[PDB]
Amino acid sequence: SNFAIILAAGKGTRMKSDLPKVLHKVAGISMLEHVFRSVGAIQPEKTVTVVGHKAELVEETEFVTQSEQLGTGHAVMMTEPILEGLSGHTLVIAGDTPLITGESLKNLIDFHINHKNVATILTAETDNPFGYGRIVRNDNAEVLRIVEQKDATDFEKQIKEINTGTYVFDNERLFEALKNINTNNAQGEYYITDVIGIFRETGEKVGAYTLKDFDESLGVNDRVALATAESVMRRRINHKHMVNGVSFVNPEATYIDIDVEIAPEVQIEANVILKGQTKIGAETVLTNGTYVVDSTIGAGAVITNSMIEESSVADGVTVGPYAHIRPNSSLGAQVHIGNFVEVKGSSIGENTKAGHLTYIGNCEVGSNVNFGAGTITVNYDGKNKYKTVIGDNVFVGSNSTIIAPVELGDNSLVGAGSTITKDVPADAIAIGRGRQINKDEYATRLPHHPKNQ
Amino acid sequence: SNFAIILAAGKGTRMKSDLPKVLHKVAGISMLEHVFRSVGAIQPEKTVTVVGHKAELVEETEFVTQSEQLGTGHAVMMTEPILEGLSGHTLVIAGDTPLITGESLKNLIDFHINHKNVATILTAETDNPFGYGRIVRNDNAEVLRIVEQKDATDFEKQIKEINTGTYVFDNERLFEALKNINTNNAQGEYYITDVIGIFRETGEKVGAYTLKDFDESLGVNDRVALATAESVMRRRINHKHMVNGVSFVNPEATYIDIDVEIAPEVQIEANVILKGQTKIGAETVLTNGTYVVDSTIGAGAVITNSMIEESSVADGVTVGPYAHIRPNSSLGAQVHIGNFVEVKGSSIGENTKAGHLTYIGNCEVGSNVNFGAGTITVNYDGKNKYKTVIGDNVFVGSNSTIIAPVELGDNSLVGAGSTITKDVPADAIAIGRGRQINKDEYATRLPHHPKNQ
Amino acid sequence: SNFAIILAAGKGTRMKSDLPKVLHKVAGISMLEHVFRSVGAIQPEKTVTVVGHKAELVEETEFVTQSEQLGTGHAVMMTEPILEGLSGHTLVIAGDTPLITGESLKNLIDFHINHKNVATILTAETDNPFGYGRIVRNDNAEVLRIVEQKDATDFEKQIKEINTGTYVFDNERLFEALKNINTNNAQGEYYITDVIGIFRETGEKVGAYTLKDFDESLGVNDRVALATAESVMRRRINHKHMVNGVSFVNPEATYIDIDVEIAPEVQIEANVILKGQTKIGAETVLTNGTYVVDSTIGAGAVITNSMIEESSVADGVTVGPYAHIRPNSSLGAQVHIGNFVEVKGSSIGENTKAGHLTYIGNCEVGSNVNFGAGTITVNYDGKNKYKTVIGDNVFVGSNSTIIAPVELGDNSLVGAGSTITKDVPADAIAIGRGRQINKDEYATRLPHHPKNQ
Ligand SMILES: CC(=O)SCCNC(=O)CCNC(=O)[C@H](O)C(C)(C)COP(=O)(O)OP(=O)(O)OC[C@H]1O[C@@H](n2cnc3c(N)ncnc32)[C@H](O)[C@@H]1OP(=O)(O)O
Ligand SMILES: CC(=O)SCCNC(=O)CCNC(=O)[C@H](O)C(C)(C)COP(=O)(O)OP(=O)(O)OC[C@H]1O[C@@H](n2cnc3c(N)ncnc32)[C@H](O)[C@@H]1OP(=O)(O)O
Ligand SMILES: CC(=O)SCCNC(=O)CCNC(=O)[C@H](O)C(C)(C)COP(=O)(O)OP(=O)(O)OC[C@H]1O[C@@H](n2cnc3c(N)ncnc32)[C@H](O)[C@@H]1OP(=O)(O)O
Ligand SMILES: [Ca+2]
Ligand SMILES: [Ca+2]
Ligand SMILES: [Ca+2]
Ligand SMILES: [Ca+2]
Ligand SMILES: [Zn+2]
Ligand SMILES: [Zn+2]
Ligand SMILES: [Zn+2]
């Protein structure tokens with residue numbers, strides 16, 4: 001009953017990009033993927049995407065290639081093999097209108113079914129319709145035709161209802177009308193709007209469903225329009241989170257990707273970034289500058305101005321300010337990671353604290369461990385990485401240098417300032433540092449001394 | 001002459017919160033506290049706040065409890081014991097309209113006094129009055145009644161003047177009208193708007209004072225409206241600071257709490273956060289990402305992308321970028337705290353420099369001290385914290401580990417890379433590190449060496 | 001044919017500033033410099049700037065001083081010596097209207113030439129013209145006069161076309177009309193608008209060119225208007241970059257100075273700051289919080305939440321998060337600078353890595369060097385700075401302390417935790433640290449041990 005054609009071969013010159021236009025991201029997914037999601041709401045039996053140059057990349061729906069730019073008519077014709085003969089209602093939508101909703105496309109197909117139209121145009125009203133196709137209606141307010149700006153009479157220029165370039169067609173007629181135009185065109189290019197002209201010649205019924213919101217119809221041709229799309233999608237996402245019980249200091253300046261999940265009672269300061277497959281648990285606090293990519297954060301956590309990537313963070317964890325949790329990290333329940341701390345490829349057990357100026361790389365760390373300020377786990381020799389194992393209740397002295405592969409046994413202490421080259425037994429202390437020597441009056445000889453300035 | 005009732009027991013379902021609705025913060029204080037401040041402008045002899053569930057928490061004005069949700073009429077009746085019999089003008093205001101100003105409530109009470117009204121409604125005009133109570137006026141433009149959306153005739157739906165749910169009543173009549181409705185209601189619930197209906201029955205004079213600004217009347221029911229309130233209050237606060245001589249790169253994206261004080265000639269970049277009892281002195285520069293909580297900052301300071309909490313910062317101080325001044329710190333005149341430095345529970349004397357990768361905790365530090373990059377004050381043994389005392393003109397070597405409790409005497413130098421376990425006399429040097437040994441050609445054996453890749 | 005007078009002596013009381021008003025910056029240059037750039041579009045033979053108090057500072061165009069505030073008429077008269085007698089069209093513009101474009105001033109002078117006017121007023125339409133001079137036209141819609149608010153009839157108050165205080169005059173008449181007013185004034189002050197009154201007395205032809213955009217005419221009197229000017233100029237700059245192929249997550253919250261150059265295909269997250277003579281190469285990624293001053297960044301770089309000042313960054317470089325590249329640094333091709341790293345006054349050769357918690361100051365560093373986490377180059381003795389030279393393929397051990405002046409030879413390794421006081425030959429290792437000693441069961445005696453809590 002329902003088919004979908006997505007036009008993804010249109011010109012992208014004004015993007016000034018080596019990336020095909022429809023692959024440019026809005027809130028973490030391509031414009032094309034936003035259109036795939038809205039198209040999904042009509043439950044189409046077949047979906048055909050028409051691509052052009054760099055087809056391989058877009059493919060890397062059913063796909064067909066448009067090798068030559070001969071207009072939207074030729075584009076739609078590239079789906080003839082797959083859709084010719086079939087009965088039911090065929091949506092034609094651009095890959096560069098990512099703000100059109102599933103609700104809008106459901107209401108388009110229903111309106112078309114409703115009025116037994118051969119074609120239905122998705123229209124919208126704007127007070128500045130310059131450049132757009134105008135929807136011409138009669139006394140009875142039925143759709144007669146689409147008039148382009150260049151063809152518009154001064155009276156027609158007054159028309160505020162415009163063509164969004166989104167349509168539903170009776171599938172059978174659509175492929176019949178295109179062949180007609182193609183063969184009798186006396187010209188190379190042809191346009192999906194040419195089919196509306198043919199239906200006018202035959203008196204076949206064409207209708208228009210108007211979007212309440214003109215801004216939903218945005219067709220992205222450049223990075224100005226890309227940023228407008230980002231602004232609308234950001235507002236849409238953040239609105240949903242607020243209705244679901246998430247507080248935002250500033251939802252106009254908080255950057256949350258389309259698939260991020262956020263539990264009720266979360267508080268988000270301005271200028272928080274959440275990306276990819278990120279999940280935030282109940283009552284967690286995210287402060288200004290926090291940046292989370294493809295990570296799970298538990299309940300009752302506080303992430304202060306920190307960057308967390310491809311990692312798991314348990315309930316009650318405190319991170320920051322200015323901490324970096326790098327890929328394949330796990331922070332256990334109630335872990336504290338303080339300022340200027342980097343964790344990479346490491347598991348950290350519950351209640352463990354690394355408060356300051358510390359690097360934990362390729363470590364397996366137990367519960368109730370304390371990392372002194374300035375602790376470095378040394379994991380790399382210039383060719384290979386080595387694992388360090390740290391047991392429960394270990395006290396790693398400030399400014400210590402732990403050279404993997406070593407094991408620090410349960411309850412051990414590393415003396416502050418120590419270089420550790422060998423395993424430390426459970427309940428031992430290890431000390432690897434110079435003994436302090438004091439030299440009376442020697443500072444009087446040195447350039448910092450007041451007596452020497 | 002003036003009384004005030006604050007309705008703080010209304011439903012909060014759409015907030016999706018375990019915190020009562022009116023306690024949700026806007027610019028650093030509860031919505032209820034914003035209403036207490038606007039109510040203060042009418043100098044009320046008595047102020048009564050009606051609370052519901054979690055009453056203890058809101059209490060933790062005079063307070064009365066509404067154990068049962070029987071409507072705003074029952075809410076106002078919970079103040080009968082305290083206000084019954086008294087003469088003068090009684091403001092009724094919701095705890096969830098935090099944008100209404102003192103100026104607006106002064107102009108409401110004056111307008112009511114003016115026209116010897118028995119009731120005055122605070123009204124506003126909007127082009128989308130759907131859902132609101134409509135204010136019905138006559139040829140003479142006097143207020144006849146309030147008509148709810150569900151009762152509105154199609155002609156009444158056209159009315160753009162709405163009820164904000166803020167009122168002034170002649171106190172005597174108000175408690176008389178409520179008893180009447182309560183006893184003869186033939187129903188459980190009753191509404192403050194029911195009193196306006198009764199005055200219509202008796203021909204008692206009801207007037208309306210219209211807000212110039214409809215957006216001032218916002219009643220917060222969800223976190224969408226909470227963020228709108230934050231946006232308006234942020235704009236209001238930042239406007240006041242700009243008129244008072246504070247420059248903002250972007251006042252729509254700068255987050256300054258309601259009671260923060262900012263001297264003239266301060267320059268604030270976008271995305272600065274100032275919270276609580278914070279004070280900023282003249283000509284100080286705050287750069288993007290700066291976050292200050294409950295701190296005093298002097299004149300001619302430059303805070304670059306740094307977090308400062310419960311601390312005092314003197315004139316001429318430079319902090320950042322990426323520094324953390326933690327609670328109970330004092331930075332003396334012209335102190336420099338550079339990148340990746342944490343100061344906690346420490347006093348730092350004038351002209352002292354800690355430029356890099358340093359932790360200063362539980363230290364008393366003198367004037368003209370230099371902390372080398374990588375210096376750690378070690379203050380914690382896993383149970384107790386210990387104090388370090390550092391004298392004037394001390395040179396603390398890079399990458400040194402100072403294990404409290406020790407004293408570094410005036411003009412002393414700690415050798416770079418030293419572990420310090422013992423006091424250092426004034427004018428001494430202390431060195432606690434291994435002597436360098438060179439091994440010819442040994443690097444040729446190791447995995448980093450080009451010859452081994 | 002074209003002359004320009006810039007009025008830069010007007011009152012600045014509402015700025016609450018010791019800096020003269022026109023020197024306040026918008027997007028990295030003074031409001032006066034924005035006006036110099038728009039004035040440049042008319043190719044003036046002579047440009048005269050009238051300054052007042054702190055004249056020296058504005059001077060630190062031709063300049064003339066207005067020692068006494070006797071109005072804009074007296075201001076323009078201070079240019080009589082330089083412009084008296086000359087023929088051609090004289091632009092009069094304020095130093096505090098920085099949003100007026102070159103295109104607008106070209107269209108003003110052309111319109112004036114066009115209609116052989118003796119005067120032309122730059123006008124604009126607003127729905128709130130309160131306080132402004134009204135432009136009075138006739139049936140034929142010719143400009144009769146300028147009427148100030150205080151002189152306006154109720155009919156004249158309705159006029160929405162306002163005086164922006166920008167003009168073109170026939171130079172000869174202008175200086176003749178001013179002398180007339182000055183001598184016969186019976187008063188101290190006189191106004192450029194008084195010249196329009198005189199032309200009305202003589203029937204000399206006065207015309208008005210209307211700005212399409214009223215907001216372009218903003219005259220900055222306070223820091224509220226300064227921030228509005230910042231908002232418009234930020235939008236203008238960011239629009240140009242987007243049309244030129246730069247992606248912005250949020251162009252309303254990205255802070256790019258007027259002369260910053262940005263290659264096509266650059267991606268900029270929200271809350272990026274680019275200042276001064278900054279240049280960004282093709283396909284470079286700048287993430288949230290990045291702050292660049294007077295620096296060149298190559299192609300295919302990724303700057304993650306980092307501050308880069310007066311430095312050069314080659315192609316392929318990765319910086320951050322939370323790195324600080326300080327003045328007179330150079331990062332060679334494919335260099336990696338990781339979290340909590342500071343580079344100052346240092347050259348770093350290609351493919352060199354400093355991933356963590358490192359300070360590199362006054363160093364000459366070769367290619368394929370590895371800095372271990374926690375490495376400190378010690379460059380300062382409290383009086384003088386010293387240079388360290390590091391060769392190619394050097395492996396600088398984690399937590400090492402390199403005390404300048406030393407040279408680390410090609411392919412050398414410094415043992416982790418080492419203090420280095422002496423040169424290290426090429427292909428050597430250097431070790432300067434305590435040997436690890438383990439003490440069985442000693443941790444059982446210490447306060448961290450579970451058995452002691
Ligand atoms: C900034 C923050 O995050 S704060 C939190 C971090 N906290 C810390 O880093 C605190 C770490 N504390 C230390 O390093 C301490 O110096 C300890 C706990 C190592 C000192 O312990 P003490 O038992 O008081 O030291 P003490 O001088 O008694 O020495 C203990 C043993 O080690 C030996 N020893 C001491 N110093 C050295 C050395 N440099 N080399 C070899 N052996 C040594 C002693 O001879 C003694 O052995 P013995 O009993 O066989 O003779
Ligand atoms: C990154 C930044 O922030 S830069 C700013 C920070 N600046 C610094 O950290 C600079 C610190 N400078 C140092 O550590 C220096 O190495 C000093 C100043 C300690 C070196 O001083 P010098 O006097 O040149 O050292 P010198 O080798 O002469 O040794 C002085 C004394 O200490 C002794 N000594 C030297 N090294 C050691 C050691 N490892 N253990 C014990 N004693 C030692 C010497 O024997 C000599 O004593 P003696 O005269 O009784 O024989
Ligand atoms: C966190 C990150 O960024 S990870 C990346 C950073 N990576 C690093 O920092 C790794 C650095 N690695 C090291 O420091 C290592 O300990 C090395 C590579 C110094 C150890 O090398 P090895 O050759 O295994 O050490 P080994 O114990 O064999 O000692 C080598 C020589 O030095 C001597 N030596 C060892 N320790 C010391 C010492 N403390 N003092 C003096 N000499 C010493 C040995 O006696 C031997 O000499 P000899 O052959 O004449 O007797
Ligand atoms: Ca389009
Ligand atoms: Ca260190
Ligand atoms: Ca309400
Ligand atoms: Ca002005
Ligand atoms: Zn990262
Ligand atoms: Zn903090
Ligand atoms: Zn800097």
Side-chain angles (χ1 to χ4, degrees), chain C residues 1-8 10 22 31-44 47-50 61-62 64 72-73 75-80 82-102 104-115 117-125 133 135 137 141 143-146 161-175 177-178 191-200 202 204-211 213-219 236:
Chain C
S1 197
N2 287 343
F3 307 114
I5 294 167
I6 309 167
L7 303 186
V22 300
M31 286 195 303
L32 181 48
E33 291 166 274
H34 287 286
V35 174
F36 292 157
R37 291 174 180 209
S38 57
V39 165
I42 78 169
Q43 313 253 299
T47 304
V48 196
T49 298
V50 184
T61 183
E62 306 214 55
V64 296
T72 49
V76 167
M77 193 60 100
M78 304 312 264
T79 78
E80 177 258 297
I82 301 172
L83 292 176
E84 164 201 49
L86 295 181
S87 177
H89 326 79
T90 300
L91 176 73
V92 179
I93 188 161
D96 63 10
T97 54
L99 306 179
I100 298 173
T101 67
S104 288
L105 296 184
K106 272 165 58 173
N107 289 186
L108 184 57
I109 280 176
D110 283 3
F111 178 106
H112 176 86
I113 287 166
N114 219 46
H115 295 26
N117 290 154
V118 185
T120 309
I121 315 166
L122 187 59
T123 62
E125 256 159 359
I135 311 299
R137 286 169 124 106
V143 179
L144 272 47
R145 45 198 209 266
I146 303 167
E161 187 176 15
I162 59 68
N163 178 26
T164 67
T166 313
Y167 317 82
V168 179
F169 293 90
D170 289 15
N171 186 72
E172 268 176 46
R173 281 272 54 223
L174 169 56
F175 280 106
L178 289 173
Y191 306 99
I192 185 55
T193 56
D194 293 333
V195 174
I196 309 303
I198 290 281
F199 293 166
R200 175 57 172 177
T202 65
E204 284 179 276
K205 191 190 201 303
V206 308
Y209 175 72
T210 309
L211 286 169
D213 185 12
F214 169 71
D215 293 315
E216 183 179 330
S217 73
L218 181 67
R236 181 186 301 178

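Residue numbering restarts at 1 for every chain, and letters A, B, ... go by the order of the sequence lines. Scope of the values below: all heavy atoms of this structure, side chains included, with no hydrogens, waters or symmetry mates.
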Report task. Determine, stepwise, if the pair C:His112 / C:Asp170 fulfils side-chain hydrogen bond (donor to acceptor under 3.5 Å, both in side chains). Result -> CA-CA 9 Å; C:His112 176 86; C:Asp170 289 15; 2.9 Å; yes

Would you give the length of the straight line joining atom [atom1] of [X] to atom [atom2] of [Y], rounded to the nearest 0.5 angstrom?
X	Y	atom1	atom2	result
C:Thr166	C:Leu108	OG1	CG	7.5 Å
C:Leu105	C:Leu91	CG	CG	5.5 Å
C:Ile100	C:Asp213	CD1	CG	11.0 Å
C:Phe199	C:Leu144	CZ	CG	15.0 Å
C:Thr90	C:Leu174	OG1	CG	6.5 Å
C:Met77	C:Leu178	CE	CG	4.5 Å

Determine whether [X] and [Y] make a side-chain contact, defined as any pair of heavy atoms from C-beta on separated by less than 4.5 Å.
X	Y	answer
C:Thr101	C:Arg236	yes
C:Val50	C:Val76	no
C:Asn171	C:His89	no
C:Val206	C:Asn117	no
C:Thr193	C:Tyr167	yes
C:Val48	C:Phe3	no
C:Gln43	C:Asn2	no

Query - Check: C:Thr47 main-chain N/O paired with C:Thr61 side-chain donor or acceptor under 3.5 Å - result: yes

If you compare all heavy atoms of [X] against all heavy atoms of [Y], which two are closest, and at what distance to 0.1 Å?
X	Y	answer
C:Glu216	C:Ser104	OE2-OG, 2.6 Å
C:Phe175	C:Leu83	CE1-CB, 3.4 Å
C:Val35	C:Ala94	CG2-O, 3.5 Å
C:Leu99	C:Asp215	CD1-O, 3.6 Å
C:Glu172	C:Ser87	OE2-CB, 3.5 Å
C:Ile198	C:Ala177	CG2-CB, 4.3 Å

Requested in this report: I would like to know whether C:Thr49 and C:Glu62 meet side-chain contact (heavy atoms from CB on, under 4.5 Å); could you show each step before the answer?
Outcome: CA-CA 6 Å; C:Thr49 298; C:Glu62 306 214 55; over 6 Å; no

Query raised in the report: Is it true that the side chains of C:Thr210 and C:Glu161 contain a donor and an acceptor less than 3.5 Å apart?
Result: yes

**Report entry** C:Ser217 versus C:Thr164, side-chain donor and acceptor atoms under 3.5 Å
**Finding:**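 There is no such pair between these side chains.
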
Query - Candidate pair C:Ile162 and C:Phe214, rule side-chain contact (heavy atoms from CB on, under 4.5 Å), full reasoning - result: CA-CA 9 Å; C:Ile162 59 68; C:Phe214 169 71; 4.0 Å; yes

